[PDB]
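In: fold the following.
(3 chains, ligands or ions: 1)
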Amino acid sequence: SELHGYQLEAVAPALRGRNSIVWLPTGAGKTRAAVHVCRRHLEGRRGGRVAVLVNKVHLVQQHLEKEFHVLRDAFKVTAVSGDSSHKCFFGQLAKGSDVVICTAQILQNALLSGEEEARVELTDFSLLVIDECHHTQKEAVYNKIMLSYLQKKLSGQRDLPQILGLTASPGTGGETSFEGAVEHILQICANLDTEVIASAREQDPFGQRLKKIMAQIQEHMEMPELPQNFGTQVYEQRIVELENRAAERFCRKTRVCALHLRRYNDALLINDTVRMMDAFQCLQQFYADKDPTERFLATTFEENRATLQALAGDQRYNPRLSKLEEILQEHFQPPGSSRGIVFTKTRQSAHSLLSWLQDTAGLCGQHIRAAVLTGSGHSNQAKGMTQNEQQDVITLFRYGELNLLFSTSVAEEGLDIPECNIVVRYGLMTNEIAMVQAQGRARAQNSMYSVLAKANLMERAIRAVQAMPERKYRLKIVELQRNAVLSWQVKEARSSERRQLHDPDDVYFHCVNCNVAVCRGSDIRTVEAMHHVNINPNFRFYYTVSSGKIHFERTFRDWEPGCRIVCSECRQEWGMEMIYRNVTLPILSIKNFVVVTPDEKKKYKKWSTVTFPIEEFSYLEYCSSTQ
RNA sequence: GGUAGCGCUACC
RNA sequence: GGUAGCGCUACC
Ligand SMILES: [Zn+2]
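Out: Numbering: from 1, shown residues only, chains lettered A, B, ... in the order given. For reference, the structure is listed below:
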């Protein structure tokens, strides 16, 4: 498996010592080409060091076993990830090795760390290998690393590392023009300090009924200028926008009504994508888990519950599913020869369409074993899977145990399955990058491609940049570098201005649901510049410990996640605990509180935007004061 | 779970 | 530029 010609030509500018972006197609072999640059770099000098910056946890160990292990004959290589983080300090481990393969935020933490053993600098490395370098933009981690690289470069710093970008698609960044597509590429060159870009229904009475129920509730609200466009992204914005204002001002009738009206609008969007029965069970389980406001809204649903369940059972009113069933009936006979993936927008659509397959008479008979594949992220509406669960299902898919998937956009890019031969993009509305990447998952000879929906530049830009004059290129890039560093200082100063407005004691925290005051801003401390905990011992009266302890797949260095916590009076979710070494501490989520200040009452979503200074937590300080 | 990031759609 | 929804990701 010796290098090809195009690989050798692509790395040529990197070997001379220049900052480059190696643009090659997906799966051409950018990682093997990087290894050759790394060996040729480390062979050429002493005190040489490499940081390989991936952007996914799986890519740390993938690069090692597939590619970078070959370098171990001459040079020490070590892998650092999220899962194996808590054992050793990075500063020691990185300085002890010749090559360090890690997710970018590990290095960024090490670059900011206060502890001398965990500390690191940019000057400590002499070749950064930023894999998928096109992400180096805006306020991403990649870009914040490289933005410090530029701030130092422009202040007369020397011996900053060689930059080596790997990427398949630099992209446009939402630019359909030719003028804009070039300017986008010139910014990414300025971010990475790059010098040479190298390359080779008719009737819907279920839906119509749900709209009428929302009209009755908006009449009960008694308000003018409400939005009259039900079952839309505009309505879901406006109803939550009103719910946010109702929470800030504390208007109980408007706040409780707005939460329910969204649940009806969610059902309208669930009804549009998948079954009528899926839209019904969203509202069913909402009211089942449960003042005059909630009593009216409970009675409003109770009358329409029996009707909507009959309308959902009606087979006259989804044509999408009848179309989907005919594709599955045809292609999966013989029983389990084919191998398909069905792309959906939401996790709720993915989890619904699996249960549809199980509750259908025509498809049961053909041996189709299937499952759902989503991400590891999370929110209050929907939960996801994990990296361990995803990899089990991908294995069972690859070796023919399971032969169908209802996946989200998790696996549209990256997932290689040689035996796959079917793709069904179910009612999506994405760009042609997401379209062409989705088509490529079927790796088989005679690959099918269906686009199940309802009835009724970059390549030129890169070559234009590659063919620029050297003087014009260097004068443009130095302008864009000076721009971003000035934009950074303005944005950090502007953030510092808003942070120093009020005092900690002047700022009070209220419960988002019931508006009872609970604590002051002086009580709060940040643990690792992230977790905001109340150190006042009298705070423990206000929160109650609801459920058992939460379990993640990972372990941390200093602390571990305790039980959840809720409001003593109204049982609203506040956050969770932190069992920091030997002391419990209450973690707070800003989403579940209305922060009162001298000026205004606001419903903050981020802790970065708060208007009072918050000090760093000290374990030595808290133990001394409490004991 | 907590803190961020990005992409897509939608309105302002 | 602001916000919300959804999807993906990272660190802790
Ligand atoms: Zn409360």
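In: show me what counts as buried in stretch A:465-476.
Out: Residues of stretch A:465-476 classed as buried: A:465, A:473, A:476 (neighbour count, 16 or more other CB atoms under 10 Å). (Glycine included, C-beta is placed from N, CA and C.)
In: distance to residue A:28 and secondary structure added to the residues you listed, as TSV?
Out: Below are the buried residues of stretch A:465-476 laid out as TSV (distance: CB to CB, whole Å; DSSP: H, G, I helix; E, B strand; the rest coil):
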residue	distance to residue A:28	secondary structure
A:465	20	helix
A:473	25	helix
A:476	29	helix
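In: and the helix or strand that contains residue A:144, how far out from the chain middle?
Out: Applying DSSP states H and E as the criterion places residue A:144 in helix A:141-154. Distance of helix A:141-154 from the chain centroid (CA atoms, centre = their mean, to the nearest Å) equals 23 Å.
In: hmm, that helix in reach of RNA strand C?
Out: Yes - against RNA strand C, helix A:141-154 shows contacts by CB under 7 Å from any atom of the strand at residue A:141.
In: the buried residues of stretch A:465-476 into a markdown table, with extra columns for distance to RNA strand B?
Out: A markdown table is the format used below for those (distance: CB to the nearest atom of the strand, whole Å):
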| residue | distance to RNA strand B |
| --- | --- |
| A:465 | 19 |
| A:473 | 24 |
| A:476 | 21 |
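In: roughly how far does residue A:615 sit from residue A:621?
Out: 9 Å (CB to CB, to the nearest Å).
In: re the thing from before, quick check: buried residues in the helix holding residue A:144?
Out: Using 16+ other CB under 10 Å as the test for burial, helix A:141-154 gives A:141-153.
In: ditto for stretch A:172-179
Out: So for stretch A:172-179, counting by 16+ other CB under 10 Å, buried means A:172-173, A:175.
In: related to what we said a few turns ago, and the next element down the chain from the helix holding residue A:144?
Out: strand A:162-167.
In: now the angle between helix A:141-154 and that following strand, please.
Out: Put simply, strand A:162-167 runs at 150 degrees to helix A:141-154, going by axes from the mean of the first three to the mean of the last three CA atoms, to 10 degrees.
In: for strand A:162-167, output the C-alpha coordinates as CSV.
Out: The C-alpha coordinates for strand A:162-167 follow below in CSV (Å, rounded to 0.1, in the frame of the first residue of the first chain):
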residue,chain,number,x,y,z
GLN,A,162,3.5,24.4,10.2
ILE,A,163,-0.2,24.1,9.3
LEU,A,164,-1.5,21.2,7.2
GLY,A,165,-5.2,21.1,6.4
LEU,A,166,-7.0,18.0,5.2
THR,A,167,-10.4,18.4,3.6
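In: packing partners for the helix holding residue A:144?
Out: Contacts defined by 3 or more CB pairs under 8 Å, 6 or more residues apart in numbering; DSSP states H and E place helix A:141-154 against helix A:104-112, helix A:178-191, helix A:470-499.
In: change it to 10 Å
Out: The helices and strands touching helix A:141-154, judged by 3 or more CB pairs under 10 Å, 6 or more residues apart in numbering; DSSP states H and E, are strand A:50-54, helix A:104-112, strand A:127-131, strand A:162-167, helix A:178-191, helix A:470-499.
In: right, and the helix or strand after the longest one?
Out: Read that as helix A:470-499. Downstream of helix A:470-499, the next assigned helix or strand under DSSP H and E is strand A:508-511.
In: what about that following strand and RNA strand B, touching?
Out: No - Strand A:508-511 lies out of reach of RNA strand B by CB under 7 Å from any atom of the strand, never closer than 12.5 Å.
In: which residues touch the helix or strand following that strand?
Out: Counting by DSSP H and E, the element after strand A:508-511 in chain order, helix or strand, is strand A:517-520. Identification of contacts with strand A:517-520 by CB atoms under 10 Å, 6 or more residues apart in numbering yields A:503-511, A:534, A:536, A:538-539, A:541-543, A:567-568, A:574, A:586, A:588, A:593-594, A:596, A:612.
In: need the contact list for the residue nearest the centre of chain A.
Out: Residue closest to the average C-alpha location in chain A (CA atoms, centre = their mean): residue A:377, at 6.3 Å. By CB under 10 Å, 6+ apart, the residues touching residue A:377 are A:347, A:383-385, A:410.
In: and the residues you listed, which is closest to residue A:250?
Out: residue A:383 (29.6 Å; CB to CB).
In: what values do phi and psi take at the closest one?
Out: phi -100, psi 160 (degrees, to the nearest 10).
In: could I get the contacting residues of it?
Out: A:347, A:374, A:376-377.
In: okay, and the beta partners of it?
Out: Residue A:383 forms beta bridges with residue A:378, as assigned by DSSP bridges.
In: I'd like to know how far it sits from residue A:155.
Out: Taking CB to CB, one finds residue A:383 at 46 Å from residue A:155.
In: does stretch A:440-451 reach RNA strand C?
Out: No - under the criterion of CB under 7 Å from any atom of the strand, RNA strand C is not reached by stretch A:440-451; the shortest gap measures 14.3 Å.
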